[PDB]
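Written out below as structure tokens is the structure these notes cover.
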Amino acid sequence: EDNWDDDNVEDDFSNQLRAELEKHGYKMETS
Amino acid sequence: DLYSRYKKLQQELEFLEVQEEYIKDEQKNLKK
Amino acid sequence: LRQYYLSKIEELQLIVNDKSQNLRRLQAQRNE
Amino acid sequence: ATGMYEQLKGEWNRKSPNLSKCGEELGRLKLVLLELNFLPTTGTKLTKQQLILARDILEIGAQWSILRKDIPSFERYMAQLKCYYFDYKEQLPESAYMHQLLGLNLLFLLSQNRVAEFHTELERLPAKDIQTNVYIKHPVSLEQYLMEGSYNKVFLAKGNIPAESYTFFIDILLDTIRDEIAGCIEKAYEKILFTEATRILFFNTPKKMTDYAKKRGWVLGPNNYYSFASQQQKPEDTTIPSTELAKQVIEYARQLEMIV
Amino acid sequence: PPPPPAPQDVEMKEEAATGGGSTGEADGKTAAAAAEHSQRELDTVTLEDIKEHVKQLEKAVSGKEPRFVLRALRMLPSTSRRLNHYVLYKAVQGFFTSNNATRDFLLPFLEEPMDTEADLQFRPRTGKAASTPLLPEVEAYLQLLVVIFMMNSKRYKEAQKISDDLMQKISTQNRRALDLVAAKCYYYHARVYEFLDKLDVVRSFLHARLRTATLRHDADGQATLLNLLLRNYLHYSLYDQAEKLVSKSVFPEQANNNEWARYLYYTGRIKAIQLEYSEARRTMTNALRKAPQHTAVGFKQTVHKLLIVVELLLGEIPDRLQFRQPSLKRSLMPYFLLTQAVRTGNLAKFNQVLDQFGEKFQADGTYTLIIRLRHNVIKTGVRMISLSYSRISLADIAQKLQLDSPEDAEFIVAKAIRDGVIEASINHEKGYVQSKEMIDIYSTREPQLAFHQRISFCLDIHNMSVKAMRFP
Amino acid sequence: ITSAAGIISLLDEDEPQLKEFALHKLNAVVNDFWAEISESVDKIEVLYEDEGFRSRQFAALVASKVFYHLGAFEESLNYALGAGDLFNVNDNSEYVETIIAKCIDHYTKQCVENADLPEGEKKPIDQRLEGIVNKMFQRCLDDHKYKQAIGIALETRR
């Protein structure tokens with residue numbers, strides 16, 4: 001299984017990205 | 001003797017079919 | 001010419017051998 | 001070198017499309033085909049160099065044939081050129097007059113709506129064609145552009161050909177591209193207007209306006225493109241193979257019931 | 001002294017029993033087209049390649065050759081005298097000296113089962129005797145100043161097939177083994193003709209033996225001759241692929257489930273090189289799963305390296321290394337590096353990957369991926385969009401595929417429908433590309449068509465199984 | 001070995017002197033390929049169709065060359081005496097070896113179908129076929145073994 005079995009995703013950018021969007025312009029001025 | 005070799009081979013070929021036809025009748029009726 | 005008359009009985013002998021091999025299975029089933 | 005062996009080229013120096021030399025060109029063809037051999041071409045390297053010379057003058061004959069607007073004779077002659085360019089004993093030196101004319105053969109293969117013969121044809125040069133073949137970059141990259149949306153750039157590159165013109169396959173390429181576009185979209189779209197297919201298929205309003213106004217269905221010209229709609233009805237019954245189904249199911253019982 | 005004698009026993013007894021039982025089966029029954037000892041030849045695909053390679057210079061195998069090439073066997077007393085001579089021709093190795101038949105005593109030994117008043121009624125013993133000189137010679141893998149000796153022994157084997165064509169061919173069907181012999185010899189022989197130039201004489205006699213069959217007999221020989229033709233036809237694959245597809249050679253049928261796999265592989269590459277990808281993928285997947293008996297046998301490393309190449313040419317994206325093996329994970333590393341780029345849209349990184357490992361891609365025999373692959377660099381993306389959005393607009397696809405011009409962004413759609421990637425239709429009143437759904441797969445007579453083939457094949461398996469049965 | 005269609009294009013170039021070129025190189029294109037002419041069968045049929053072709057008989061040979069592998073037997077069955085000529089002239093060859101057995105079995109089955117209906121027309125023996133049958137009957141008589149000829153004449157029931 002090594003460390004992640006198989007598949008997954010290698011975008012290397014999705015790390016609480018919704019929280020970054022909420023931080024992006026203060027959630028787009030809280031839309 | 002090659003003519004006798006041909007016709008005896010042709011004889012047994014069409015005669016092996018009557019054995020293979022008669023047995024399939026007998027094996028079918030022996031179930032009943 | 002003559003070797004045609006050989007090869008024809010070669011094919012007929014192959015058919016005869018195959019059918020004689022096939023018949024013994026049915027003979028065994030009939031015997032059982 | 002049996003009897004002919006003429007002086008380089010008979011008539012090539014001044015303007016090429018003349019019918020005077022062709023018959024003796026035909027005679028030269030006779031004087032290459034009954035001499036020693038032409039198909040196996042095993043030994044006698046002087047006859048192989050004579051075959052190279054006949055290949056070059058047959059390339060000029062292909063030039064002459066397309067200059068007199070002759071497709072079947074030209075495709076026969078090129079086919080023989082492709083037959084001659086490979087030998088059973090590959091020893092023949094490469095003449096320099098193929099690196100602007102083999103791409104014309106590739107352009108003809110593209111323009112005869114043949115893509116399978118294109119890709120199975122692309123095995124002659126293993127890795128040569130990338131560095132050299134600068135005029136021949138256009139027929140091989142035209143396949144790359146065809147599988148892209150560079151169609152407007154294709155019509156802009158219709159006149160950017162570097163070395164020599166040989167404009168005939170470029171116009172046949174134009175004809176086949178417009179034919180493939182016109183016959184390729186008639187069932188996914190529904191309607192077209194004056195602006196919805198002029199710059200999309202034809203040009204930016206070209207003289208061929210009337211030519212596309214009389215080509216096929218969906219005629220255009222009075223401020224909108226109307227007439228000759230194309231759709232489907234799709235009728236069905238689907239219970240017609242039921243008798244066929246009966247055959248199938250009886251056969252099943254057939255396999256279940258003959259004694260093994 | 002411990003290494004000699006046990007090979008001297010097992011590698012005397014396996015082929016003594018094989019020759020005796022093969023002759024006894026081929027003469028006692030006339031129905032020995034597929035004998036038991038046929039599987040023994042299957043063992044010879046795997047035995048002698050790891051059994052012995054050189055003649056075992058510690059007096060073990062060099063004495064096997066002059067005994068097994070001294071065969072007279074006129075009748076039962078001559079065969080019994082051969083059984084008596086077996087003890088001396090056995091002990092001559094372990095006691096005094098095995099004779100040095102050092103890579104040369106194969107040519108005058110053709111007449112050795114003709115010397116000392118020999119009669120040849122069993123042709124397969126001569127076929128196995130002509131198969132034996134490749135055991136210390138072409139199975140030693142030297143290919144150094146020695147080629148002419150295997151070519152001479154192969155001409156002697158061809159003379160044995162002429163003997164099978166002219167001298168007492170009265171329904172022996174020995175070619176059904178000999179063609180298998182003409183498998184194995186003409187494998188490494190092919191390697192010999194791989195070392196030198198084009199095998200034109202081999203082409204001519206391969207065609208001649210290909211049409212020598214069928215009308216004479218047809219069982220697992222014509223398939224082997226077809227494949228041995230087609231591999232080096234595909235070596236200089238210039239225009240002969242049209243010949244191979246118009247070669248009516250779908251005949252093969254039974255091929256012990258191994259030769260049929262590589263035949264499917266070969267015709268899959270032929271059909272893959274000619275832009276027909278959807279038909280190529282199914283036969284590639286069929287050939288991959290046909291004989292996966294052992295892991296990474298070389299064939300798997302190549303069919304797996306062609307498979308998702310043609311699948312990425314189609315557009316579907318699988319990951320490559322999902323069968324991590326001793327020779328799959330590290331052998332498909334630039335393969336995985338290339339298949340990571342198609343999911344993304346970066347062309348510069350893909351070009352850097354191709355330029356970094358173009359030598360290995362040329363080593364794989366896959367020169368012409370790139371000449372089409374850039375088309376799929378847009379095409380896969382739009383199919384993903386056509387999988388994600390049921391009704392996409394005309395302007396959003398410009399920034400969803402970074403295709404710059406909106407007319408350029410809306411032109412790949414005008415090809416992907418026509419060859420067939422997505423059911424969707426476009427209308428020029430809204431500029432909206434929209435697809436439908438299929439529900440009628442179970443509602444119509446779609447499952448019955450597949451079910452009839454499945455039922456027919458499954459029920460016919462029972463008939464073929466019962467047709468070979470009890471032999472009291 | 002890739003001439004194929006390119007040489008057949010010159011082989012059917014429309015000129016009578018090129019038809020002389022065709023009959024010159026037509027015996028020179030005798031090869032074991034009956035593929036790559038399978039896409040050009042009608043082309044060689046043109047060389048059989050021309051009554052103004054002087055070497056039509058030799059064209060019969062290449063017209064029998066295209067079908068000797070692509071599974072077909074009935075075309076070479078037809079092209080034995082109606083086209084025929086110099087193919088059946090040849091004495092010993094493996095190329096004609098299956099052809100003569102095919103013609104012998106065709107002749108004996110046609111003789112069976114003719115002799116089984118003695119009254120009226122019985123689809124009689126065609127004028128152009130039997131020419132090879134009596135030829136190799138006399139060849140069998142010339143082979144010094146006068147023991148198989150009675151058997152061959154017994155199988156073909158006449």
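To be explicit about the labels: the chains of the structure tokens are called A, B, and onward in the order shown, and within each one the residues are counted from 1, while ligands get numbers from 1 in the order they are shown.
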
Surrounding residues of residue 20 in chain F excluding itself and chain neighbours under 3 positions, 9 Å, only C-alpha atoms, as a ChimeraX atom specification: /F:15-17,23-25,53-55

Output file for the selection above: C-alpha atoms, as a compact mmCIF listing (two decimals), in the first residue's frame:
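After the write, selection33.txt holds the following:
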```txt
# COMPACT_ATOMS: atom_id res chain seq x y z
CA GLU F 15 -1.28 2.81 -75.22
CA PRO F 16 -0.94 -0.19 -77.61
CA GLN F 17 2.85 -0.01 -77.38
CA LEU F 23 2.92 -8.43 -72.30
CA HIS F 24 6.70 -8.02 -72.05
CA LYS F 25 6.73 -7.40 -68.29
CA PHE F 53 -4.42 -7.83 -76.66
CA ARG F 54 -2.33 -10.42 -78.50
CA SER F 55 -0.99 -12.12 -75.35
```

Surrounding residues of residue 19 in chain B excluding itself and chain neighbours under 4 positions, 10 Å, only C-alpha atoms, as a PyMOL selection string: (chain B and resi 14-15+23-25) or (chain C and resi 20+23+27)

Which residue of D:81, D:52, D:173, D:127 approaches residue 154 in chain D most closely, using only C-alpha atoms: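 The answer is D:173, which sits nearest to residue 154 in chain D.
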
Interface list for chain A, partner chain E, 12 Å threshold, only C-alpha atoms, as a VMD selection string: chain A and resid 1 to 2 5 to 11

Two-atom distance - CA of residue 149 in chain F, CA of residue 5 in chain B (Å): 15.0 Å

Interface residues on chain C facing chain B, 7 Å, only C-alpha atoms, written as a compact mmCIF listing (two decimals) with N, CA and C atoms, in the first residue's frame:
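Here's the written file out.txt:
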```txt
# COMPACT_ATOMS: atom_id res chain seq x y z
N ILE C 9 -6.33 -40.10 -50.41
CA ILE C 9 -6.51 -41.13 -49.40
C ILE C 9 -5.87 -40.72 -48.08
N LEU C 12 -8.79 -38.83 -46.56
CA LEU C 12 -9.82 -39.79 -46.17
C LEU C 12 -9.39 -40.61 -44.96
N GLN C 13 -8.10 -40.93 -44.86
CA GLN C 13 -7.61 -41.69 -43.72
C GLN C 13 -7.63 -40.83 -42.46
N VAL C 16 -11.27 -40.90 -41.35
CA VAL C 16 -11.57 -42.22 -40.79
C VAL C 16 -10.99 -42.36 -39.39
N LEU C 23 -15.83 -42.59 -31.98
CA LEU C 23 -16.84 -43.62 -31.75
C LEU C 23 -16.66 -44.33 -30.41
N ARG C 30 -22.46 -46.23 -23.97
CA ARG C 30 -23.44 -47.29 -24.17
C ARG C 30 -23.17 -48.47 -23.25
```

Contacts of residue 239 in chain E within 9 Å, only C-alpha atoms, excl. fewer than 5 positions in-chain, as a PyMOL selection string: (chain D and resi 117+120-121+123) or (chain F and resi 2)

Nearby residues (only C-alpha atoms) at most 9 Å from residue 11 in chain F, same-chain spacing under 6 positions excluded, as a PyMOL selection string: chain F and resi 18-19+21-23+25-26+43-44+47

Export, as a PDB file, in the first residue's frame, the selected residues with C-alpha atoms.
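Full text of result.pdb as output:
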```pdb
ATOM      1  CA  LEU F  18       2.337   0.061 -73.622  1.00  0.00           C
ATOM      2  CA  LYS F  19       0.198  -3.051 -74.101  1.00  0.00           C
ATOM      3  CA  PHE F  21       5.152  -3.380 -72.669  1.00  0.00           C
ATOM      4  CA  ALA F  22       2.492  -5.080 -70.552  1.00  0.00           C
ATOM      5  CA  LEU F  23       2.925  -8.426 -72.300  1.00  0.00           C
ATOM      6  CA  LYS F  25       6.730  -7.401 -68.290  1.00  0.00           C
ATOM      7  CA  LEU F  26       3.730  -9.610 -67.480  1.00  0.00           C
ATOM      8  CA  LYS F  43      -7.103  -4.279 -63.584  1.00  0.00           C
ATOM      9  CA  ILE F  44      -5.714  -7.622 -64.700  1.00  0.00           C
ATOM     10  CA  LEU F  47      -5.740  -7.275 -69.568  1.00  0.00           C
TER      11      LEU F  47
END
```

Chain F residues near chain D (8 Å cut-off, only C-alpha atoms) as a PDB file with C-alpha atoms, in the first residue's frame:
```
ATOM      1  CA  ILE F   1       8.890  -5.779 -52.590  1.00  0.00           C
ATOM      2  CA  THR F   2       6.491  -2.856 -52.786  1.00  0.00           C
ATOM      3  CA  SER F   3       5.957  -2.205 -56.523  1.00  0.00           C
ATOM      4  CA  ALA F   5       0.012  -1.054 -57.619  1.00  0.00           C
ATOM      5  CA  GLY F   6       2.747   1.160 -59.058  1.00  0.00           C
ATOM      6  CA  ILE F   7       3.848  -1.470 -61.548  1.00  0.00           C
ATOM      7  CA  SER F   9      -0.373   1.257 -63.199  1.00  0.00           C
ATOM      8  CA  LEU F  10       2.310   1.064 -65.895  1.00  0.00           C
TER       9      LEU F  10
END
```

Two-atom distance - CA of residue 113 in chain E, CA of residue 126 in chain E (Å):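 Rounded to one decimal, the two atoms are 7.8 Å apart.
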